[PDB]
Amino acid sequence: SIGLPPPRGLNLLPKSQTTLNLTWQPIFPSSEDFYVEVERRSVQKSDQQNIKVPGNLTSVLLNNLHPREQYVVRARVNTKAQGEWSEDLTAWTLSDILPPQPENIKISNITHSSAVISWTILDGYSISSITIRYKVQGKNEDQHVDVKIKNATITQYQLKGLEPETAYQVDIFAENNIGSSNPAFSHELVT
C-alpha cells in the first residue's frame, strides 16, 4: 500500500496557555482502517510528544503545554502503511505575563489635518491588538481618543481630523490575552 498525502488545509491557533487547536479539512476514506499521526515539538525546550488520533475527526487539542512557548506541528495520514509529512506549522501558546511596550516609535508626515505613526512589537506574547491613545496636551484633559487595531500585522496608522496648530500628547499601549503594557514614555505631536 502506497502512503497517502498529508492533511489538506492545515492551520494552528492558540486555544489557551496550555492548549493549541490544530484545524484541518477532512477527506474521503480508502481503507483496505486509517488514523492521523500528529507530533508537536517545542522550540525553546527539547520536548516532542506524538499523538495518534482517530482519522474521521476534523481537529485535535494539544493539551499539557507550557505558557509563552513556541511549538512546531506536522501530521500524517497513516493507513496500513505510513504516509508523508505535512509542512511545519508554527504557533505560540498564550502568554502568562504582560507584553512589553512597543519599540522604534517613529512619528512623521505632520500636516494641519492628518498625521502618521509607526511602531514595532516583540513576537511571542500573543499580542492581539494595540491602542494609540492621543489627546490634547493642556491641563483641560476633558477627553481622549483611543484607536484599537485588532490586526497585529499592521505596523502603521494614519490619524485624521486633528485641529491645526494644537499640541497633542500621544501614548501607545499594546494588549494581549492577559493585559496591557505600562509605558511611562509620552510623545508630543504639534500640528
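Residue positions are given as counts along the sequence shown, with the first one as 1.
According to the record, no deposited residue between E163 and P164 is left without atomic coordinates.
Between the stretches 67-75 and 100-108, it is 100-108 that shows the larger average CA temperature factor. Mean CA temperature factor is higher for 110-118 when stretches 110-118 and 85-93 are set side by side in the entry. As recorded in the entry, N56 carries the highest CA temperature factor of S126, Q44, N56, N50.
Listed residues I27, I130, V60, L159 were ranked by CA B-factor as deposited; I27 comes out on top. In this PDB entry, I149 carries a Cα temperature factor that places it within the lowest third of its chain's modelled residues. Placement of the Cα temperature factor of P183 within the chain: highest third of the modelled residues, per the deposited record. In the deposited entry, the Cα temperature factor of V136 sits in the top third of values across the chain's modelled residues. Annotation for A167: CA B-factor lies in the highest third of the chain's modelled residues. The PDB entry assigns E32 a C-alpha temperature factor belonging to the highest third of its chain's modelled residues.
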